[PDB]
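Down below is the structure, laid out as structure tokens.
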Amino acid sequence: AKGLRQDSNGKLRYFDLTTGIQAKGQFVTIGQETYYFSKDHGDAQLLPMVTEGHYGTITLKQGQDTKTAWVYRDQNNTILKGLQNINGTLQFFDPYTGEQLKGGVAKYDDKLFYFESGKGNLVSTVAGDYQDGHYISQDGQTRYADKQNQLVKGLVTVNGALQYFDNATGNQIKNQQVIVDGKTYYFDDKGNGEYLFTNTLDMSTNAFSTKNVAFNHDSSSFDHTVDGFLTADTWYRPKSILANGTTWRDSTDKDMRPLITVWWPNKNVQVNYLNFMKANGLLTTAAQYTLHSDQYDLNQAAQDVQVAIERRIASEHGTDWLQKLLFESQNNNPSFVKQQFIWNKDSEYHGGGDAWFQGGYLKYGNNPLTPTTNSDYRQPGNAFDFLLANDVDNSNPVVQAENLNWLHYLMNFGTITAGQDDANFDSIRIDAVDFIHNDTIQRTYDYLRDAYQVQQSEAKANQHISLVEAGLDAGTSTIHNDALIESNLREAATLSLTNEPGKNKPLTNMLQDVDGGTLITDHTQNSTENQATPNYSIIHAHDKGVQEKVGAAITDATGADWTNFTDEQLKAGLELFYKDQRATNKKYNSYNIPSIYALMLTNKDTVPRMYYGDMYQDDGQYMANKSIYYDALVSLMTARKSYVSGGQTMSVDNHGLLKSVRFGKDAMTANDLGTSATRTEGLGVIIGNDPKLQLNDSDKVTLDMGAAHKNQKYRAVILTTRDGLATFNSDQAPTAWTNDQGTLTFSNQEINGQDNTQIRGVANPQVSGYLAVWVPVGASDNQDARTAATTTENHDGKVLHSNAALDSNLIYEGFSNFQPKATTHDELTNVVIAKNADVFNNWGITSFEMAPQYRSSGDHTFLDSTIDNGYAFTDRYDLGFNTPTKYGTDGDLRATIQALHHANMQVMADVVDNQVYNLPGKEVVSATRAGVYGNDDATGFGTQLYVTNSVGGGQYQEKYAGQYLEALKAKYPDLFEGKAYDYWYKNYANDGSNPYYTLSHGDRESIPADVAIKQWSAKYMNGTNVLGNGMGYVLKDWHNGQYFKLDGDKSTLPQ
Ligand SMILES: [Ca+2]
């Protein structure tokens, strides 16, 4: 007795065709209908299918809260209750409320069944259902005891959640896949369950399936196969073909058929493959195929699909139609492959607190089957690891030799490409310094010590001033002060200034420059030098406090998310953006920008960097549209070049107004007389964040300008007015005197009837509080307040020091993310810069930080590759050859670089060692889900072999990569040897107190010269962003987890 038949007595039962077992207490799908058979003696029960039905939501308050419940309801508003059969799946609804049950259990024929978290289809029999009982901890394990003191074993629901416990011991399984009655479930690090896919039974190779076996294990018989692994998109060559669904004939070498028509990874896929064919008229049948259908029926069904297929192949004398059917998209829907859970992003489990960008990451690992993509290293060696794209493994010796080789290329770009020596870069900027290994950072600085001797003297250090994207947390950097780091000014400004009226904290935070507890510099009484940490102050940058905020206007009146959009949508955004920026009340923009630039450009012990986007607007081309802040900013820069020097003394009086002041070259405190040049130097700033401020007639605000400035005339540089700020670049401006002491006394009245000299609250586009800058009258036409860096020898092993000489420098971040693409050669950014070389030198810019000049991948994966700023690149050696980059060609870059050298500036090469975008070539590697911190994530993806987009490069990487290494090892052999070093390490205190730094120790290995990364591959990467291929993309026998591989002694699936 096997199949559906009725016995001697009344009614009908069911028997497994395969085994012979009677179905009782189970679900089976026999031909058309789906049934349930009873616990009693298996007498059956019909579950009619529901075609046509609304599917919606209602409100129900049971007792506590009004919940909004989901319901099915048929066409006719009758809300369907109890167990129902819907599209050949079984979902369950509460018969009282009508609510859909998904991720839970239900009593049905004194038997508890479970429904998946997702769609809420019936997948398996659950063992026990517990609200009574409690947890226990025994032997360092976790377990669960019933109400009656005894243990629970196996798969049960504990307090509404699904969980599982070892059948022998009762140990709760955690962070592991496990099979229960052929169903694979995943249980998280906490222990809570989730269904994945029902596994097939896998039966004996019969008459028919004999001839669908693979012709041989050679490579020729298979295709679409990365590194010898079978993917879902693999076509194979059978031993024989069923010509026209009739004549079995030996297969020829030109014959191929798709693996997914004969083999499947789980029963889910197989059931969906059949019902898919039913839809597209390759299997005309009144039969219905569910997760409860007999394997025999499903496999027989799979053979009838081939019969019908082979007809259509015979007809069309080819198989391009099928390729199109299974693998390409149909009727604006995902393809058949992608529809499947095991072959899409849904089984990758994207997102999570730790997954900052592109929905998380995939940390590569090692595996016997994949000896090409295996790596001994892949250690992060820094606070963070993964950020974007394909994270490059910088712990690797060959990658460290390649990072030097690229450095040397950039540092000698002119000399290499065009034989032009004045066309080279001088300084660098390490992009994402906390995201790359310290070894290559250490080794990077060593190159700059070896090639330019920056440690020797501050004259040589200052000519090649480099900097990073980090605070004190970049330990390798701060240890010997090899580069500048970002001050806390930006943050400090963000609380006490950049917010709207009423949401601004007091300006006492701006007195000191502290990076979470540790002090960077204290402006209160800054009289000494060579003390503070070499740093750079900013308020905006290409990415910091802009992309966030610009995006804001883009999405409103446009809706496109900030990572991908059309040029039109961008242009429409920026319109509203700049249209808000010029207003008094600013939704998307920041307040008091000039006041903030005033601080940056007057504060001691910092090298401020100007942001292009604050002076010019991106609605127009490069240096095309001036911003509202332009005049204000140009004046302050001009003030700095001529006046700002000497010591600093900043305070906040009782009225709430910052009073920064500088005393001039030589003079370090308010009592110091100083040299004759001091008299016409040093300015005084007054700032305020109360636009509703109104001092009364008795109130007096003062600026003690110092003992050098007794009885001297002082003229305004910047003055707050009703409409904005009255700028002044010359002694032609309102003036005011100091008393016998040396003190500019102001008040709510005008100074000698000079309008706009009085102190008061004001609300206007360029300032929401008060801003006034004052310098001494009688400056020379060619005065300079800047101190020239000594050729003086340094023995203390520091590179950069904070002194007059360094504070004389002024960096310029000369690009934006949201520039439009030029329409002509003249409108391109690197030509414009070359034209306007003197315009920067006049403002007193010393360092000019260009945009990474690398060809963008233009894959619209992330913002950086949407708007093509140059951080998103494949060939990192291509700086605009042949076809231009956003900024220019390689000819235009060399023209720019020389234009800056001729205008006495240094040029910064922005170095991105972290990641690389869009590498077309494919490889198989073991990947596991991870977060920025290079940490394993507890996901149902687990650890799988994944086809990653890791092989690639470009024409110019082939050419240049690795080539200058043997050169370099000759000249500077110390770069290539091993080396011990020290670096700081930020510790976060658990008790909610301030962090603290501790000296850590490091040892970089030696590196090779001979080995060259001509192109990238898996083995030189730490990992890759989630690609969305799927958990089961590299195919494997999910019963036992054996991967398929093509060797002489292959592990073939068609078997
Ligand atoms: Ca990294």
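Mapping of the sequence shown onto the authors' numbering: residues 1780 to 2834, in sequence order. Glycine included, each C-beta is placed from N, C-alpha and C at the ideal position.
*In whole angstroms, what is the alpha-carbon distance linking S2316 and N2801?*
Against the sequence shown, residue 2316 aligns to sequence position 537. Against the sequence shown, residue 2801 aligns to sequence position 1022. Distance between the alpha carbons of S2316 and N2801 is about 33 Å.
Practice task
May I ask you to report which of helix, strand or coil DSSP gives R2269?
Solution key: Start at 1 with the first residue of the sequence shown, and residue 2269 comes out as number 490. DSSP places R2269 in helix when its eight states are reduced to three.
At which residues does the beta strand (DSSP E) containing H1913 begin and terminate?
-> Numbered from its first residue, the sequence shown carries residue 1913 at position 134. That run of the beta strand (DSSP E) goes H1913 to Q1917.
- Drop a sphere of 10 angstroms on the beta-carbon of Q1955, count the other beta-carbons inside from all chains shown, and report buried for 16 or more, exposed for fewer. The residue given as residue 1955 occupies position 176 in the sequence shown. Exposed.
Tell me whether the beta-carbon of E2592 lies closer than 8 Å to the beta-carbon of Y2390. As a first step, residue 2592 must be located in the sequence shown, where it is residue number 813. As a first step, residue 2390 must be located in the sequence shown, where it is residue number 611. With contacts defined by Cβ atoms closer than 8 Å, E2592 and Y2390 form a contacting pair.
Within the region 2297-2344, ranges of the alpha helix (DSSP H) (whole runs, at least 4 residues):
2326-2334, all fully within the region 2297-2344.
| Any chance the CB of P2176 is under 7 Å from a heavy atom of ligand 1? | Translated into the one-based positions of the sequence shown, residue 2176 becomes position 397. Checking every heavy atom of ligand 1 against the Cβ of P2176, none is found closer than 7 Å.
query: Can you tell me where the beta strand (DSSP E) with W2027 in it begins and where it stops?
result: Against the sequence shown, residue 2027 aligns to sequence position 248. Residues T2026 to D2029.
Query - Buried versus exposed, by CB contacts within 10 Å (16 or more), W2100 - result: In the sequence shown, counting from the first residue as 1, residue 2100 sits at position 321. Flag for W2100 reads exposed.
Per DSSP, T1845 is paired with what? Against the sequence shown, residue 1845 aligns to sequence position 66. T1845 pairs with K1840.
May I ask you to list the residues that DSSP assigns as paired with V2686? Taking the sequence shown and counting its residues from 1, one reaches residue 2686 at position 907. For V2686, the pairing in a beta bridge is given by DSSP as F2627.
* Got a sec? Which residues, its chain only, sit under 8 Å from residue 1751 by beta carbon, not counting five neighbours each side? -> Look at the range of the chain in this structure, 1780 to 2834, and you will see that residue 1751 is not part of it.
DSSP state of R2708 mapped onto helix, strand, coil: In the sequence shown, the residue the question calls residue 2708 occupies position 929. The answer is strand: DSSP assigns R2708 an E or B state.
- Message: For ligand 1, I want to know if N2173 counts as a neighbour, meaning its beta carbon is within less than 7 Å of at least one of the ligand's heavy atoms.
- Response: As a working mapping, residue 2173 is identified with position 394 in the sequence shown. Because some heavy atom of ligand 1 lies under 7 Å away, the Cβ of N2173 counts as near it: yes.
Bridge partners of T2514, per DSSP?
-> Your numbering for residue 2514 matches position 735 in the sequence shown. Note: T2514 sits in a beta bridge opposite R2494.
**OP:** Could you name the residues of the same chain whose beta carbon sits closer than 8 Å to that of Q1785, not counting the 5 residues immediately before and after it, in chain order?
**Re:** On the sequence shown, position 6 is the one that residue 1785 refers to. Correct list, in chain order: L1791 and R1792.
May I ask which residues mark the beginning and end of the alpha helix (DSSP H) holding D2502? Locating residue 2502 in the sequence shown gives position 723, where the first residue counts as 1. Careful: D2502 lies outside any alpha helix (DSSP H) and carries neither H nor E.
Given that a residue counts as buried once 16 or more other Cβ atoms are within 10 Å of its Cβ, and exposed if not, what is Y2712?
-> As a position in the sequence shown, residue 2712 is number 933, starting the count at 1. Under this definition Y2712 is an exposed residue.
What separation, rounded to the nearest whole angstrom, lies between the Cα atoms of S2424 and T2777? Along the sequence shown, read from residue 1 onward, the residue named residue 2424 stands at position 645. Along the sequence shown, read from residue 1 onward, the residue named residue 2777 stands at position 998. One C-alpha to the other measures close to 34 Å.
Subject >> Residue range of the unbroken alpha helix (DSSP H) whose run includes residue 2868 >> reply: The displayed coordinates of the chain run from 1780 to 2834. Any statement about residue 2868 would go beyond what the structure contains.
Whole runs of the alpha helix (DSSP H) within the region 2053-2115, excluding any shorter than 4 residues: Secondary structure within the region 2053-2115: the alpha helix (DSSP H) runs of 4 or more consecutive residues, fully enclosed, are 2074-2095 and 2099-2105 (chain order).
| field | First through last residue of the beta strand (DSSP E) which encompasses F2755 | value | Stepping through the sequence shown from its first residue, residue 2755 is reached at position 976. Counting along the chain, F2755 falls outside any beta strand (DSSP E), and DSSP gives it neither H nor E.
- Query: Just to confirm, does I2215 get its C-beta within under 7 Å of one of the non-hydrogen atoms of ligand 1?
  - Reply: Translated into the one-based positions of the sequence shown, residue 2215 becomes position 436. Relative to ligand 1, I2215 has its C-beta within less than 7 Å of a heavy atom.
Quiz item: What is the rounded straight-line gap between the Cα of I2039 and the Cα of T1921?
Solution: Within the sequence shown, the letter at position 260 stands for residue 2039. Within the sequence shown, the letter at position 142 stands for residue 1921. Their Cα atoms are separated by approximately 41 Å.
Checklist entry - In terms of residues, what are the limits of the beta strand (DSSP E) holding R2388? => result Along the sequence shown, read from residue 1 onward, the residue named residue 2388 stands at position 609. For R2388, the uninterrupted beta strand (DSSP E) run begins and ends at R2388 to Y2390, by DSSP.
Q2242 and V2578 closer than 8 Å at C-beta
Translated into positions along the sequence shown, residue 2242 becomes position 463. Translated into positions along the sequence shown, residue 2578 becomes position 799. Going by C-beta atoms, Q2242 is not nearer than 8 Å to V2578.
Going along the chain, which residues of its own chain have a beta-carbon closer than 7 Å to the beta-carbon of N2343, five neighbours each way excluded? As a position in the sequence shown, residue 2343 is number 564, starting the count at 1. Same-chain partners within the cutoff: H2639 and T2645.
- Taking the beta strand (DSSP E) that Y1893 falls in, what are its first and last residues? The residue you call residue 1893 lines up with position 114 of the sequence shown. Taken as a continuous stretch (DSSP letters only), the beta strand (DSSP E) holding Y1893 covers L1891 to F1894.
With respect to the alpha helix (DSSP H) encompassing residue 1763, which residues constitute its N-terminal and C-terminal limits?
-> Given that the chain is displayed from residue 1780 to residue 2834, the structure contains no residue 1763 and the question cannot be resolved.
*asked:* Are there any heavy atoms of ligand 1 lying less than 7 Å away from the beta-carbon of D2210, as far as the coordinates show?
replied: Residue numbering aside, residue 2210 sits at position 431 when the sequence shown is read from its first letter. Not so, every heavy atom of ligand 1 lies at least 7 Å from the Cβ.
- Item | Where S2414 sits in the DSSP three-state scheme | The residue given as residue 2414 occupies position 635 in the sequence shown. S2414: helix per DSSP, three-state reduction.
**Q.** Contacts around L1901, its chain only, beta-carbon distance under 6 Å, and the 5 residues preceding and following it disregarded
**A.** The count along the sequence shown starts at 1 and reaches residue 1901 at position 122. Excluding residues within five positions, the ones whose Cβ falls inside 6 Å are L1869, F1892 and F1894.
Worksheet item: Taking 7 Å as the cut-off, does the CB of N2801 come closer than this to any heavy atom belonging to ligand 1?
Response: One-based indexing of the sequence shown puts residue 2801 at position 1022. It does: the Cβ of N2801 is within 7 Å (strictly closer) of some heavy atom of ligand 1.
- Query: In this structure, does DSSP put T2727 in helix, strand or coil?
  - Reply: For the purposes of this step, residue 2727 is taken as the residue at position 948 of the sequence shown. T2727: strand per DSSP, three-state reduction.
Option nearest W2122 by Cα separation, candidates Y2767, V2805, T2219 and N2582
Here residue 2122 corresponds to residue number 343 of the sequence shown, with the count starting at 1. Proximity to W2122 across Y2767, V2805, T2219 and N2582 peaks at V2805, based on C-alpha coordinates.
Checklist line | Distance between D2761 and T2257 (C-alpha atoms, nearest Å) | finding: For the purposes of this step, residue 2257 is taken as residue 478 along the sequence shown, with counting starting at 1. For the purposes of this step, residue 2761 is taken as residue 982 along the sequence shown, with counting starting at 1. The straight-line gap from Cα to Cα measures roughly 11 Å.
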